[PDB]
Amino acid sequence: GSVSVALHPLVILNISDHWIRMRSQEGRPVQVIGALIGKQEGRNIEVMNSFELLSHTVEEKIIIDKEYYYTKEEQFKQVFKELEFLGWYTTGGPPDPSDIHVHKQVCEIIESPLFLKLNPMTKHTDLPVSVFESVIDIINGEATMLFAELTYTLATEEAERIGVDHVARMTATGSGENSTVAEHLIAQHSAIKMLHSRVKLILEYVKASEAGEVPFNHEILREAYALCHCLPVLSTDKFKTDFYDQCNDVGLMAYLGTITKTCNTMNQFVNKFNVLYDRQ
Amino acid sequence: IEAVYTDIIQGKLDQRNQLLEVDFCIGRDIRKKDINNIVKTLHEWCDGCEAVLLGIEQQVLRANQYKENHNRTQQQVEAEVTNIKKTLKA
Amino acid sequence: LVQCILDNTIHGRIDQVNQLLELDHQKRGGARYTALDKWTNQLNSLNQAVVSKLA
Amino acid sequence: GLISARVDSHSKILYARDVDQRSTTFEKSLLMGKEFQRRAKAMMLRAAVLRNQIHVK
Amino acid sequence: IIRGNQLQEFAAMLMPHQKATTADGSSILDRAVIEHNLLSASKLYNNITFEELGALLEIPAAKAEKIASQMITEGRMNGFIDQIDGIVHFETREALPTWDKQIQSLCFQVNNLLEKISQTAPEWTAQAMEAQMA
Amino acid sequence: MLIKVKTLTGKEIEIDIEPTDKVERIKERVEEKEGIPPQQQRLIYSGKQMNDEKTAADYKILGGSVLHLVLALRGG
Amino acid sequence: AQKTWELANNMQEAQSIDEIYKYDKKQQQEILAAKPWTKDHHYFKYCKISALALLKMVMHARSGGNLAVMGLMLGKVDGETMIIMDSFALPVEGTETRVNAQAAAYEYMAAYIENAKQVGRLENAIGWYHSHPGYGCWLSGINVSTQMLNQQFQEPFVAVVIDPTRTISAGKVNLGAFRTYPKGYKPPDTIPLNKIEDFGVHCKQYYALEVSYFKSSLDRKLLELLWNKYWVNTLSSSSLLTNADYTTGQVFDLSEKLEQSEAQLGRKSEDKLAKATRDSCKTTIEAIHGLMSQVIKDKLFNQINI
């Protein structure tokens, strides 16, 4: 698949933050345009960082000014010494013609630019990030340029992996009107929905093998049988006793604290009552 | 123990309770009369996940409604007290 | 054994009837229960103060 | 006193009794809840008898 | 677990100073293999009596206990010995932690099975994912 | 002049000064006015640190002048 | 899901999670004009660091290896909370125990902020951060001096100290946000020994804010959809056992706070009972959340196939 591209879980966060910021600033979702930074070694391209870019819009056309890009390049060259321009990125659905004009514009800066594309409006269970690459055709008459998809890895370093694990593990993120239940049960709901999607696909494959659409794969069905045989996970009596212990412990911890809230309300009511029905 | 070495099954023996606690076992051969049982077990699991998902949504909606009800009552009392306060302030 | 136990050198107890020595492979993370005991005691005293504030 | 034991008068053996930490906390916490609710109800009635200004004259 | 019948061809190639008995009837070779057998037997058992422990290691009841207590107190194996009923407890799982471990293994099997589905018939998997909306 | 300076935290100062004022008298004026230590001050004009051994002649400025004030930083 | 979950997500409109990402200029001007931090001194107690800012700071700290690194952090304030929305590196050169930022950092600061204002970054600098490679997260003497200098003139300012070595060797990020007291002001009055052991000599000269992190909805979705090890670790997270000790410590200092509230209410003006009740409600809510997770897991896995 032409070159091999490795992605870091920091470009994704940068693009998501930029999209969220623009959406919150202008009220409505809006296409964002940035730039990719990384290291190229022969056939191995690695994307390590990104920074936002400034673009102007005349009629129905987007022009990226080069003065700001060059100043920002001089800026980032002082910190990331051995890091170079690789491509750009955008948010949206499938590639659009405007993406091809912007790619043509970027081609004047670098000979072989990449093209990342995030899809925040996706409605499926695969990563919205898709990496493309320019291809020049020899079509008779007018000459056009096309996008060829790419297969990308998700290489991370030690500190980046630690940070991503820490960020994705914690779930105490809620703030505002919504209850904390509405911030924890939603994470539980998403995890259960992913598991449900996987199990539904497995069941669909098993039924298709039963009917005849797909060839009879003995090993896959054997592994499905093994998966089904493990479904009643740890239904022993000791587990039930431990579960009941945990439930009773949480019940007692809730009781001590419901008592505290009631005592606080009692103090509040007594204080409000004293100044009104004072006997002096 | 020899069966564990071939890795067909995994587990730990228990002499005091006279039990063999199996943690993992391979899936034996299948025939065209247990595939329907595979579908039945997996379909029941899918309905189990759907029931849990529906329950989570209902509890989230109920908790949010309780939060809105308490906030509305809290602001309703504060609105009433200020009205009677402003009236006598010249 | 008696001298060692009284000196806190050996963590165990002697079963004189059966001539046994039961060691102390115990004292797990049971600090949660003691924390709850302090919570209950403070709530017991705090509750009395609130009722008996004025009358 | 400081001795925590139970005398067995059949075989004349002094067994040592160890309290169960988990059950002790549950017994005390539930007892505190029962006492607290009784105090709350009594105070609630006291508020009624104070607002109504009831006394023996 | 190494039995005493596959080591006869190993004791012949040992250097002469390594075949020195320790004044108890047992050579150096069938003392390290005894400790290795005991350490490996703690990975297949939750608890084992002295008589049964002395059935696969020889050393019937009096030396297996001595060696078992000798491996402990030196940071070589985890466990404790109940001498009254004659049983050695190696490692006991706490039920609830086992439940989460088995859940993780169950989810691993779900992912691995779907990986083979998308690896064997990729054209069918793509059709199935799109049909999942409807 | 219409000299307009800002800190990095969004603060704002506006001073009406005469174009060719010697920086020492300006330092004394800020000393008696606010009291920021001059040796812990850095002035930035158009992404360049103001060189001390150079007068404000080649800096042709007329209206809407932007100055950035930065305090010294140190770590470890 | 129909009507129930249709408005529950509403991707067209920012959720309650993405509320913090909106910059209100008028509110910022009002709070900076009021200057509520001048009257009190333990005003700011919470520091909310965004996910991207924390990731960038951690990666920068680790990139230096055993040499110190430093940079700035943009953000805003809200009530008693200091929110950090981004961070950006400085082109400085330092040794294992000293970073100076002599002459290239001060131009880079202004130029980078000017460049960022062009592409829609409405936040201003809120703090400075530097790394302590292998000797904990604390404020040294010169760190305290520069923190005082920054705080006295640029009033909202928090110093963040990272430790890349302990972060790598422990598996969890080691970070700390601190603020300092005015010069010669507020000398308030086993604790001192450990306090000087883990902090510097100026233990009473500065205090430590409570650090919390947040993330947007798109960030949450992308992270949870990145690897398969994030929903597997949710269905087997097993709370109430990973952090039981933290719960017991919270119960302990809850008991101490309840004792203090009982002492206060029997007879400066803070209403300690309300704060104790809030803390109790919080910890009980985490406990019940853990129990709900366990119940959901039991209903999902154990109650299938008889």
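Chains as they are written, first to last, in the numbering used here: chain A, 72 to 351; chain G, 3 to 92; chain D, 145 to 199; chain L, 3 to 59; chain P, 2 to 135; chain B, 1211 to 1286; chain Z, 918 to 1223. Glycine included, every Cβ here is placed at the ideal spot set by N, Cα and C.
Please report the residue range of the beta strand (DSSP E) in which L157/A lies. 155-162
Jot down the residue ranges of each uninterrupted beta strand (DSSP E) in the region 1066-1122 of chain Z, minimum 3 residues, whole runs only, in chain order. 1075-1079, 1092-1097
Tell me whether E923/Z counts as near the ligand MN, meaning its Cβ is closer than 8 Å to at least one heavy atom of that ligand. Looking for the ligand MN in the displayed structure turns up nothing, as the structure carries no ligands at all.
In this structure, what does DSSP give as the bridge partners for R157/D? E166/D
Just to check my reading of the structure: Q1249/B and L1279/B have Cβ atoms closer than 8 Å, yes? What is that Cβ distance to the nearest angstrom? The Cβ separation is near 14 Å, so there is no contact.
With a threshold of 9 Å between beta-carbons, can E46/G be considered close to chain Z, or not? yes
Report yes if the CB atom of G1285/B is closer than 9 Å to the CB atom of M999/Z, and no otherwise. no
Could you tell me the distance, in whole angstroms, from the CA atom of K87/G to the CA atom of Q1064/Z? 47 Å
Alpha carbon of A53/G to alpha carbon of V103/A, nearest angstrom: 40 Å
Could you tell me if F961/Z is buried or exposed, where buried requires 16 or more neighbouring beta carbons within 10 angstroms of its beta carbon? buried
Output needed in chain order: residues of the region 12-38 of chain G with a Cβ under 8 Å from some Cβ in chain P. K14, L15, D16, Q17, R18, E23, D25, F26
Reference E95/P; option with closest CA among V200/A, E97/A, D308/A: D308/A
Who are the near neighbours of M78/P in its chain, counting only those whose CB is closer than 7 Å to its CB and skipping five residues on each side? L40, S43, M72
What number of angstroms, rounded off, separates the C-alpha of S201/A from the C-alpha of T161/A? 10 Å
Which residue's Cα is closest to the Cα of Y1046/Z: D995/Z, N1032/Z, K973/Z? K973/Z
Who are the Cβ neighbours of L54/P in its own chain at under 6 Å, not counting the five residues just before and after it? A65
Just checking: is the beta-carbon of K117/P within a distance shorter than 9 Å of some beta-carbon in chain Z? no
If we ignore side chains and look at the alpha-carbon of each, how far apart do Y1102/Z and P1073/Z end up? 18 Å
Take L15/G and list the residues in its own chain whose beta-carbon comes closer than 7 Å to its own, dropping the five residues that flank it on each side. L22
Can you name, in chain order, every residue of its own chain whose Cβ lies under 7 Å from the Cβ of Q945/Z, other than the five neighbours on each side? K993
Report yes or no: do the region 203-222 of chain A and the region 247-258 of chain A share at least 3 C-beta pairs separated by less than 8 Å? no
Extent of the continuous beta strand (DSSP E) run through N48/P: 48-50
Of all Cβ atoms in chain P, is any one closer than 9 Å to the Cβ of residue 140/G? Because chain G is modelled from 3 through 92, residue 140/G falls outside the range shown and cannot be assessed.
Which residues mark the beginning and the end of the alpha helix (DSSP H) in which residue 2/L is found? Nothing in the structure corresponds to residue 2/L, since chain L is present only between 3 and 59.
First through last residue of the beta strand (DSSP E) which encompasses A1266/B: Taken as a continuous stretch (DSSP letters only), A1266/B belongs to no beta strand (DSSP E), as it is neither H nor E.
Is the shortest distance between the beta-carbon of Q60/G and the beta-carbons of chain Z less than 9 Å? yes
In terms of residues, what are the limits of the alpha helix (DSSP H) holding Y1023/Z? 1022-1035
Check whether the region 1126-1139 of chain Z and the region 1077-1096 of chain Z are in contact - that is, three or more C-beta pairs closer than 8 Å. yes
In the DSSP assignment, find the unbroken alpha helix (DSSP H) run with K1199/Z in it and report its ends. 1189-1214
Looking at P199/A and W159/A, is the spacing between their C-beta atoms short of 9 Å? no
Test: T1230/B CB closer than 9 Å to a CB of chain Z: no
CB-CB under 8 Å to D1226/B, same chain, minus the five flanking residues each way: which ones, in chain order? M1211, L1212, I1213
Quick check on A12/P: does DSSP put it in helix, strand or coil? helix
Alpha helix (DSSP H) runs contained entirely in the region 1141-1189 of chain Z, provided each spans 4 or more residues: 1149-1152, 1161-1183
For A918/Z, which residues in chain G fall below 8 Å Cβ to Cβ? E59
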